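Colleague: Encoded as structure tokens, here's the structure I'll be asking about.
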Amino acid sequence: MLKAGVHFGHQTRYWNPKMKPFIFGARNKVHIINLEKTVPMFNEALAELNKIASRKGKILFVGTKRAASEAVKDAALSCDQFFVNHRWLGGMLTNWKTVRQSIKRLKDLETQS
RNA sequence: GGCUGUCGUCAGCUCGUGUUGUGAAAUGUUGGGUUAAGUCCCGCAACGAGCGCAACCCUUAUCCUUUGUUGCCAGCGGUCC
Ligand SMILES: [Mg+2]
């Protein structure tokens with residue numbers, strides 16, 4: 001029917017009660033999201049995301065999780081956007097005004113070697 | 001006032017921004033290694049920075065350059081030696 005063979009679920013008994021209205025089933029202790037009803041969500045964050053993206057807005061991807069770090073840098077910066085696949089950093093957005101220094105440093109430094 | 005002793009030549013002491021907490025405060029600055037060292041790296045709701053330790057000052061250990069007088073005396077002779 002749908003491309004579900006590319007996955008099956010994850011987790012087990014740690015989960016979090018916050019998720020319940022969407023449970024495809026339960027096996028091997030690992031819970032399985034009810035993609036059968038997740039269909040709307042599978043596009044929801046895309047539709048209302050289109051107007052934003054199509055509006056040509058700065059893209060902010062985050063893949064600090066080593067389990068897919070570099071495996072996303074491409075689909076991000078290399079994809080004409082931004083990212084942070086490596087290791088996230090505190091204050092990057094909040095203490096932004098401060099991080100600028102460090103950021104502006106990796107630039108004016110490239111001219112080194 | 002200015003000056004100085006004192007721990008202490010100790011590696012400490014802080015601050016701005018962000019964030020957590022009602023608040024007093026905390027974080028950083030804690031931690032894993034490492035160093036003479038807040039030394040360096042790694043990690044981290046922290047990001048950075050200021051005073052301080054590490055440098056430049058002196059001086060000694062070498063080698064060269066030049067300058068050779070009052071300093072020097074090797075090859076040359078002289079020589080009251
Ligand atoms: Mg230091």
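By order of appearance in the structure tokens: chains A, B, ..., then residues from 1 within every chain, and ligands from 1 in the order shown.
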If the cut-off is 12 Å, can you tell me the residues of chain A near chain B, counting only C-alpha atoms (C1' of nucleotides)? I'd like them as a list in words.
Modeller: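 Those within range of chain B come out as residues 87, 88, 89, 90, 91, 92, 93, 94, 95, 96, 97, 98, 99, 100, 101, 102 and 103 of chain A.
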Colleague: Within 9 Å of ligand 1 (counting only C-alpha atoms (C1' of nucleotides) and all ligand atoms), which residues show up? I'd like them as a list in words.
Modeller: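 Here is the list of contacting residues: residues 38, 39, 52, 53 and 54 of chain B.
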Colleague: Taking the backbone alone, and naming residues the way the document does, which bits of chain A are strand (DSSP E) by DSSP, as an NGL selection string?
Modeller: :A and (25-27 or 30-32)
Colleague: Got a sec: who's within 12 Å of residue A:7, counting only C-alpha atoms (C1' of nucleotides), leaving out chain neighbours fewer than 3 positions off, as a list in words?
Modeller: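 Here the answer would be residues 2, 3, 4, 10, 32, 33 and 35 of chain A.
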